[PDB]
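Undergrad:
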Amino acid sequence: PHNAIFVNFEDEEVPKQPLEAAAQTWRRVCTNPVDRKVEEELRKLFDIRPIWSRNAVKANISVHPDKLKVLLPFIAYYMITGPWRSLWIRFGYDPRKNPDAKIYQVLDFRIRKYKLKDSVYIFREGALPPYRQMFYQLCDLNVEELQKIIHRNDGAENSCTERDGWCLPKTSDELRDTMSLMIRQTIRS
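Taken in order, the sequence shown gives residues 213 to 324, 385 to 461; the numbers are from full-length UniProt numbering.
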């Protein structure tokens with residue numbers, strides 16, 4: 213598609229290098245020095261945080277979308293199934309072999385110049401998700417209770433499953449109910 217590798221949760225190995233088509237496409241698109249600058253910036257940010265969401269990345273650098281859709285498959289690979297679905301992972305990083313990746317797992321919450389804001393990917397007591405269906409990452413839930421629910425099983429993550437990953441079972445529903453309660457609390461205030 214965009215010269216990206218799509219990894220399933222049941223795939224044995226994860227890619228350790230991009231595709232040569234993606235490398236040549238980036239070589240073609242990289243025209244101004246600002247492109248090299250933003251490439252280095254994205255590389256450093258994926259070095260600090262190995263797993264990223266597109267909206268979270270857009271909230272950290274101001275890049276042109278047509279440049280980002282080419283740069284991302286060159287730096288990271290895309291997850292299709294599993295606890296880290298719809299997330300970009302640095303080449304050579306396997307979340308199914310790192311318990312710390314628990315803090316990078318995804319959570320789908322449905323209600324019932386180029387840089388973006390913080391509310392597009394960060395949850396806080398007193399704010400309101402800007403969209404009807406969001407894909408948060410467990411590290412960006414800046415609440416003490418949600419983080420306690422997340423780290424309840426720290427140091428003894430047992431096995432990595434598809435429904436919950438390194439987290440304890442039925443954790444996602446617990447976080448979802450807590451965020452709904454906090455949303456109603458913020459609405460009342």
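Built from N, CA and C at the ideal position, the CB exists for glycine as well.
According to DSSP, which residues form a beta bridge with residue 464?
TA: A query on residue 464 cannot be resolved here, the shown segment of the chain reaching from 213 to 461 and no further.
Undergrad: With a threshold of 8 Å on Cβ separation, who are the neighbours of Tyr316 within its own chain once the five nearest residues in sequence on each side are excluded?
TA: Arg261, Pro262, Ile263, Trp296, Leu299, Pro307, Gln409, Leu410 and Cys411, listed in sequence order.
Undergrad: Is the beta carbon of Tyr386 less than 8 Å from the beta carbon of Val275?
TA: yes
Undergrad: List the endpoints of the continuous beta strand (DSSP E) containing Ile455.
TA: Taken as a continuous stretch (DSSP letters only), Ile455 belongs to no beta strand (DSSP E), being part of the alpha helix (DSSP H) at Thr443 to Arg460.
Undergrad: With the cut-off set at 8 Å, would you say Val219 and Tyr290 are in Cβ contact?
TA: yes
Undergrad: Starting from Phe286, trace the alpha helix (DSSP H) in both directions and tell me its first and last residue.
TA: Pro277 to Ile287
Undergrad: Cα separation between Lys442 and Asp449?
TA: 11 Å
Undergrad: If the criterion is Cβ atoms closer than 8 Å, does the pair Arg396 and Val318 meet it?
TA: no
Undergrad: DSSP on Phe321, reduced to helix/strand/coil?
TA: strand
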